[PDB]
Amino acid sequence: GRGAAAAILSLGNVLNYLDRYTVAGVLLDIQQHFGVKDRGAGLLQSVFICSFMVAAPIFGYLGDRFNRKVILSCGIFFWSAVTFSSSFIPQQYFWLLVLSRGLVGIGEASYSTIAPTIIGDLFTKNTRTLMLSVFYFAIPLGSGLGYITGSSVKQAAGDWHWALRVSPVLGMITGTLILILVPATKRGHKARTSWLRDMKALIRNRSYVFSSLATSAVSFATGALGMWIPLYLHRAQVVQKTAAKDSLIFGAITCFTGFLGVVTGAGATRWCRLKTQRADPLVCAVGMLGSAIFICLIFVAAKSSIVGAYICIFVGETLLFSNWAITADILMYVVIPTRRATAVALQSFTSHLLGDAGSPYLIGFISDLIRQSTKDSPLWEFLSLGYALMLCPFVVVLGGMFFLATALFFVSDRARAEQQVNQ
Amino acid sequence: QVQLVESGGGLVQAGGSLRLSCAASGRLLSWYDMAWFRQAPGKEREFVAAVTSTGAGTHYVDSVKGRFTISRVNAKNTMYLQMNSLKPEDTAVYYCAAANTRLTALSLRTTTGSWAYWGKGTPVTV
């Protein structure tokens, strides 16, 4: 039975996303403990994403050098040990935690780049598609589990440190199993010149660049929200006269909204392709516009009620995540197969570069700049963070415009791809 | 679910010109790469020509280049084929086929089995 390897890799990916988003739930505790402003809070996630984006292509290339199971297990052990060590960092030191987050990002990039190739090599059928679908559905569930685990451990233990201590141990329990229940596959296949030629061909392409910018905007919005929303909700609750719950609620909402958004995007694409051939970018653009509207609406109605904020977060995150299952189909319809893989790598770089990497530190810097100009108070800091996160709907609308431009150039670039393939 | 209907095929005098129209109404035609095949009386199905989704790619046979033209219109949801200077060996039944669009070499896809969708087929006699 080869399904044991798929199951253990799926559990490992769940734990990977849990470890990635554990810091999100206890960002407030970390800020209170270390006596730092929002700049460091954003910088943690920024460094994590930067290390992830730098290391992912390197590990992807290294996966064809030696056995992938060994390097995958080594990366899992490395990031687990780094997190466990970071759980015991002295208060007066802050750069050590940043370096630990960078090392964890390196390990997570290694795992995320290596494991899907192993899963794809294990199965060659519709079962491969089903297993990849499960492995990728593990993402929102993993993020929700990370949020709720951080909240629950912080509440029960009484100290946030154990939040970084519970996850690594399971990783070891995972890693050994991966060292045992993952079969070894005996598979194999001008590199710089090929990269240069593919980059030159792709730059001249039109819809590909706009789609990459749109997914970069999506990554920007998702990173900023997933990094700052629980803290913003806690500040809003502090503002209200009424006296961990927010993190659990946001984790459950994140999981449910990710699954629902993927489902509704797939359904809208299925039931809208009959109208016209440009359904794939149009659905994404409509979802982005709706998500931007609801992201503005939550900040409009955050001060009034928290139930409305939860509902608006639910709807906005669903609409925002609706594009994840359609971006790949947009990409594979324009780029020719020979240059597809490289294209993905470039996108997997660009979406991280202009998007997820800069978003948390930019939001923190804007919030700090606004807060410095005014006397420090819970109301004023809440307003400053709200104004900082008000930049998200602007980026979401820009991504919607980019999706509209992709729809405009869709048919022309498809025709160019067809005539190049047949040439 | 796409239904293909052929029209304009029939017996014609040698050396003339003819137009064949393949119409689809089940779904949108912009999602399908189309092609024409012929069933010779003494042979099996044979590839004739093919048109990609946007019409930017065309492939023919060594005995077909410079004699046949094939194109499509998605606004009217119909593909057309023009045959000129017909040879006596062209008397056969022609089938219009459509397949899910793929960014593969159109010339390499001439296996008469990859096209999951077929039509009624019309006989043309020279």
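Residues numbered from 1 in each chain as written, not as in the entry; some residues may be left out. Chains lettered and ligands numbered in written order. Heavy atoms only, no water. Residues with missing side-chain atoms left out of burial classes, pairs and counts.

The deposited coordinates, according to the entry record, derive from cryo-EM at 3.69 Å resolution.

As recorded by the PDB entry, chain B carries the name Nanobody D12 and is attributed to Vicugna pacos.

As recorded by the PDB entry, chain A carries the name Sphingosine-1-phosphate transporter SPNS2 and is attributed to Homo sapiens.

Visitor: What exactly am I supposed to notice about the overall build of chain B here?
Guide: When you go through chain B residue by residue, the secondary structure sums to zero helices and nine strands. A compact globule built from 126 residues should have a C-alpha radius of gyration of about 14 Å, and chain B, at 14 Å, falls within 12% of that. Overall, the C-alpha framework of chain B stretches about 35 × 30 × 25 Å when taken along its three principal axes. At a minimum sequence separation of 6, the contacts of chain B that also span at least 24 residues come to 59%. (Helix = DSSP H or I, 4+ residues; strand = E, 2+ residues; numbered from the N terminus. Rg over C-alpha atoms; globule rule 2.2 N^0.38 Å. Contact = heavy atoms within 4.5 Å.)

Visitor: Looking at this structure, how should I read the overall build of chain A?
Guide: Helix and strand counts for chain A stand at 16 helices and zero strands. Compactness check: chain A gives a C-alpha radius of gyration of 22 Å against a globular reference of 22 Å for 423 residues, within 12% of the reference. Its C-alpha atoms give chain A principal-axis dimensions of about 70 × 50 × 35 Å.

Visitor: Quick question: what am I supposed to make of the sheet that holds strand β8 (residues 92–100) of chain B here?
Guide: Within a beta sheet, neighbouring strands are joined by backbone hydrogen bonds and run either parallel or antiparallel to one another. Residues and elements named next belong to chain B. Spatially, five strands are ordered β5-β4-β3-β8-β9 in an open sheet, and the strand pairing comes out antiparallel. Among the strands making up the open sheet, the edge pair consists of β5 (58–59) and β9 (122–124). The sheet contact formed by strand β3 (residues 32–39) and β8 spans eight bridges and is antiparallel. Paired with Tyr32 across the bridge in β8 is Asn100. (Pairing = 2+ DSSP bridges.)

Visitor: Even after reading the chapter, I still don't get the sheet that holds strand β6 (residues 68–73) of chain B, so can you show me in this structure?
Guide: All names here are of chain B. The four strands are arranged β1-β2-β7-β6 in an open sheet whose pairing can be described as antiparallel. Strands at the two margins of the open sheet, each flanked by one partner only, are β1 (4–7) and β6. On average, adjacent strands in this sheet sit at an angle of 15° to one another, irrespective of strand direction. Sheet analysis places β6 next to strand β7 (residues 78–84), joined by six bridges and oriented antiparallel. Considered in β7, the bridge of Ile70 is made with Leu81. (Axes fitted to C-alpha atoms, helices over the stretch in contact; angles between N-to-C directions.)

Visitor: I tried to follow unusual backbone geometry on my own but got confused; where do I start?
Guide: Excluding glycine, a negative phi dihedral is what most residues carry, and trans is how most peptide bonds are arranged. All names here are of chain B. If you check the backbone angles, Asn77 has positive phi at about 55° while not being a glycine. Along the chain, the position of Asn77 falls in the loop between β6 and β7. We classify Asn77 as buried; its relative accessible area is 14%. Although it is not a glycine, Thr112 adopts a positive phi angle of roughly 55°. Looking at the secondary structure, you find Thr112 in the loop between β8 and β9. (Buried < 20%, exposed > 50% of the residue type's maximum accessible area, 1.4 Å probe, protein only.)

Visitor: Would you take a moment to explain the domain arrangement of chain A for this structure?
Guide: How big an interface is tends to be stated in terms of accessible area lost as the parts join. All names here are of chain A. One can read the domain layout of chain A as domain 1 (1–189) and domain 2 (190–423). The distance between the C-alpha centroids of domain 1 and domain 2 comes to 22 Å. Domain 1 puts 28 residues into the contact, and the matching count from domain 2 is 30 residues. The greatest single-element share of the side of domain 1 that touches domain 2, amounting to 11 residues, is contributed by helix α6 (residues 126–157). (Domains from an automatic or database assignment.)

Visitor: What's the story with the nonpolar core in this structure? I'm lost.
Guide: Generally speaking, a soluble globular protein has its nonpolar side chains buried in company with each other. Counting 75 residues, the largest nonpolar core has A:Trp228, A:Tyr232, A:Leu389, A:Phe403, B:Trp36 and B:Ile70 as its most contacted members. When residues in this core are grouped by element, the largest group, 12 residues, is from helix α9 (residues 207–239) of chain A. Residues from two domains meet in this core; each of domain 1 (1–189) and domain 2 (190–423) of chain A gives at least three. For B:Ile70, the contacting residues outside a window of four places in its chain are B:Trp36, B:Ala49, B:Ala50, B:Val51, B:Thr58, B:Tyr60, B:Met79, B:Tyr80 and B:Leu81. If you look at the next biggest cluster of nonpolar residues, it comprises 30 residues, including A:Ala5, A:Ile71, A:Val82 and A:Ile119. (Core = buried A, V, L, I, M, F, W, Y, C linked by side-chain atoms within 4.5 Å.)

Visitor: Is there a simple way to think about the interface of chain A and chain B in this case?
Guide: Facing 20 residues of chain A, the contacting portion of chain B comprises 16 residues. At the boundary of chain A with chain B, total buried surface from both sides reaches about 1400 Å², with 62% on carbon and sulfur atoms. Of all residues in chain A, A:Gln277, A:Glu418 and A:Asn422 give up the largest surface area on contact with chain B, accounting jointly for 38% of the area buried on that side. Counting every contact that joins chain A to chain B gives zero salt bridges. Our count for the chain A to chain B interface comes out at four residue pairs in polar contact. Residue contributions to the side of chain A that touches chain B peak at seven residues, all from helix α16 (residues 391–421) of chain A. A breakdown of the residues in the side of chain A that touches chain B according to their chemical character gives 11 nonpolar, four polar and five charged. (Buried area = accessible area lost by both parts, 1.4 Å probe. Salt bridge = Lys/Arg side-chain N within 4 Å of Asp/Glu carboxyl O. Polar contact = N/O pair within 3.5 Å; in protein donor to acceptor, adjacent residues only side chain to side chain. Nonpolar A, V, L, I, M, F, W, Y, C, P; charged D, E, K, R; others polar.)

Visitor: Quick question: what am I supposed to make of a nonpolar patch on the surface here?
Guide: Residue and element names in this part refer to chain A. A cluster of nonpolar residues, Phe77, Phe84, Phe88, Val169, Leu170, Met172, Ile173, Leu177, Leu179, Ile180 and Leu181, forms a patch on the protein surface that exposes about 1000 Å² of accessible area. Per-element accounting of the nonpolar patch gives the leading share, seven residues, to helix α7 (residues 163–180). Along the chain, the position of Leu170 falls in helix α7. (Patch = residues over 30% accessible without salt bridge, like charges linked within 9 Å, V, L, I, M, F, W, Y side chains within 5 Å. Areas by Shrake-Rupley, 256 points an atom, 1.4 Å probe, with all protein chains shown as cover.)

Visitor: Explain the pairing of β7(B) to me, please; I cannot follow it from the model alone.
Guide: Looking along a regular strand, one sees the side chains alternate between the two faces of the sheet. All names here are of chain B. As paired strands, strand β2 (residues 17–24) and β7 are joined by seven bridges and run antiparallel to one another. Residue pairing for β7: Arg19 is matched across the bridge by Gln82. Where β6 folds back on β7, the antiparallel hairpin that results is connected by four residues, among which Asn77 adopts a positive phi of roughly 55°.

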